[PDB]
Structure formats: structure tokens, C-alpha cells
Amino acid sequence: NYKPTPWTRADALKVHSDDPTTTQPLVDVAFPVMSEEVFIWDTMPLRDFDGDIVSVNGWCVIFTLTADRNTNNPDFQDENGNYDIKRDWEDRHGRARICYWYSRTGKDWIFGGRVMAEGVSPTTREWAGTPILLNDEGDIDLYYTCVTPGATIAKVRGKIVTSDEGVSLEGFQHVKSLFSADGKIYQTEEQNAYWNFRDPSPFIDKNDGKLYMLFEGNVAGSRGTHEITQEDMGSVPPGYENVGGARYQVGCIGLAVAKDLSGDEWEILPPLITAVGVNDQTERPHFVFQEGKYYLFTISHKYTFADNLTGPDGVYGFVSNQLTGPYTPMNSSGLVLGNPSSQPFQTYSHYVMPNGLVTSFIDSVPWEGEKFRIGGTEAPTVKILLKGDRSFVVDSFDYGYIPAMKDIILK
């Protein structure tokens, strides 16, 4: 049918940190925190099947990966008996639960609580995905990732109800497990104990009318066995032929197609982008559809790049005229919005919305000496412009500013 587009080593050699047109503004080390009771990180705005951020009866809604702050929990005290926020924050992944927040302004979010009651999720961990508003009766499918045991893309249906006072989510009771890594296209746990498989992002393509989804995967094959092809290399310059252990980096942006628009059955397809020999993690893939083009964004780490390559934490991107490619890297290298080198981990999980706004959460900011301040709260929103195969940072907004693009009046 089609071939994946490689993000090549030659592309990655063009990545440039601290390009001000593609660098997030510096986070204030004295940033405010939205809650003294919970951490948040990955944030998923409520959207429809094309990408539009939608409010409901005037209420904006975000879903967050969420965990309790264990400030007064002795299990998270050091030997002196003092709260160890670093240990608490770094243990959040095993405590992740999906919660919702709402606001009529797109900021100053009001906490709504858990989407699912404890026990509904097949796995205790509730990792990231996408909440889709299905209709103007308020039905929502939360696509998300069930992790440990295994890694399984799943969805759960519920409903949103509004009042003059706020928003309530109800009925998220029945998780439907959709699919896991297959082993022929996408790498399995048996092939690699560290395999990546997560982060569903569904969309409908009006060109064929079908329901698809993006997700993070790895190219199938036993860990360490992947061959680096000339197509993975690209046109590298003289002297840049040593790839080191690059065969261990095998990230890809996966694709699947639903049998019909209910999205209850899926067919796994070849990936759209592969990064063999370049980067192990193409996370949280998501589309912006603009001017008939397919803008494909993904989030990655400085330290998941292969040997003798590097880049900043942040969002990378690719653009094509067709869903299945060929894709060309944004800003020539792929980098769309990277962290500044003086605060390289200030934010993560950078999500580009079709209005150009990019949200992220604050992770770790340098503080004093070799100390760091931990966030667990929303970062200032950045605005970028997409022009052809290039992007430009053009504005900055308040912490966690995630407004809607359209408002849906419920029937």
C-alpha cells in the first residue's frame, strides 16, 4: 500500500537548539502551581475528530494525567523525615490517573476529579491518549493507554453534563481494549522489555471518510537486531558514518484504521514515520490539518536520540500533502519547538493545536546551585505559525491557557 517515511540521521544532523523561531521561552523559575494537592503532566484537551478544541455550553475541558502530591505522606520522607519531592515526582508514572478540569476562560482551571472510578481501568495505571467529543448529546470516547501488565490501547465511553456552576463527567464505566503491539509491524514486550506502545490520537480523514488513529510504537524486531539501512542514514556528510549503538533506537509513529466509524475494531497499518537509527521515542503523535496539508507532530527526548546525534526535548514535526506520505521534516531538521539549553527540561509533552497554540507541563527548572525545582503544573502556552514546511514562534500566553476553537451547544 505505502511505505513509511524515515526521519533520517541526515535530517537529525540539522537539528539546532536555541533557534529562537523554534525555542520555547524560558519558564520563570518562580512559576506558580495550579494545585498544592495533585501533580499533573500530560494534558489532553477535549477535541472533535479533526483536531478542533471544543468547549461544551461555554465550558472548556482538559483531561490530565494526575497523581497526588505526597507532601505529608511518611512513605515519601527522606531519612531525616523530610518530604522528598523528587522521589514523589519521579514515582508518578506508577500512580497515573486521568482527571478532568474545566473553565469558561481556558485558564484558571477548576478541578473536576477522576474520569473513571478507581477499578474501572483494566490496569491501575491510566496513561495518555485523547478525549473525543462524539456528538452534541455530550457523549465522549476517552481513548487512552492501559499499561502494566503490557501496553494496550483502549477506550471508554461516557457523557459530559454542564450547569451554570461547572461540568460533570459521568458513565465512564466500560473500558474496551482495542489492540496491543502485534510483533510484525510494531515491536512487542517479548521482543524488547523496554518497548514503546502508547498514546492513541484518533482522527477522521475526510478524503476517504475513514476513522484512523496515530500512536507511538517501535519498529518490530528483537532488541538490538535492527539493521540501519541507507534509507535510515539519509545523505550524511563525510565523517558522519559512525552510528555507534544507533540500532537500539527504533521509534515510529504508528497508524491504524477502524473497520467502521464506531471505532470498536481496528486494523494495524504500517507506520507513517520511522526513526530507526535516530530516536527511540516518537511520543504523543498528533495531527494538525491546515490548508489541505497533513502536519504530523511528535514529542521526543534529547536522551532518546541515537549515538552521534542530538536535539532538545520538545516537539518535532513533519508535513505531507497526503495522509500516507511522503512526509518532509518541519524546519528541515524536524524540530518545531525545543526547550532552551539553559533550562533543557523545563517542560514536556508539548501538544500543538490547530489554532497554533502549544501547551506543555513544567517538569524540572534549574533553581540554585545544582538544585532543581519541580513543576507538575501547566507551562505558559506558546503560539506558533505554520507556513509551508516551516514554523515560527510568534506569541506567548498565560500558564495553561488552552481555549476552545468552537463551542458546542448540547441538545
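Each residue number is its position in the shown sequence, starting from 1.
**Student:** Mean C-alpha B factor from the entry: is it higher for 63-71 or for 352-360?
**Tutor:** It is 63-71 that shows the higher mean C-alpha B-factor.
**Student:** Between 217-225 and 308-316, point out the one with the higher average CA B-factor as the PDB entry records it.
**Tutor:** For C-alpha atoms only, the mean B-factor is higher in 217-225.
**Student:** In this PDB entry, which of 283, 136, 84, 126 has the top CA B-factor?
**Tutor:** Going by the entry's C-alpha B-factors, 84 comes out highest.
**Student:** Lowest, middle or highest third: where is residue 344 by Cα B-factor in its chain?
**Tutor:** Its C-alpha B-factor, which the entry lists for residue 344, ranks in the middle third among residues of this chain.
**Student:** Quick one: classify residue 100 as lowest, middle or highest third of the chain based on its Cα B-factor.
**Tutor:** For residue 100, the deposited C-alpha B-factor lands in the middle third.
**Student:** Comparing against every modelled residue in the chain, figure out the third that the C-alpha B-factor of residue 371 lands in (lowest, middle or highest).
**Tutor:** CA B-factor rank for residue 371: highest third.
**Student:** Relative to the other modelled residues in the chain, which third contains the C-alpha temperature factor of residue 92: lowest, middle or highest?
**Tutor:** According to the entry, residue 92 has a C-alpha B-factor in the chain's highest third.
**Student:** Select lowest, middle or highest to describe the third in which the CA B-factor of residue 237 falls within its chain in this entry.
**Tutor:** Its C-alpha B-factor belongs to the highest third of this chain's values.
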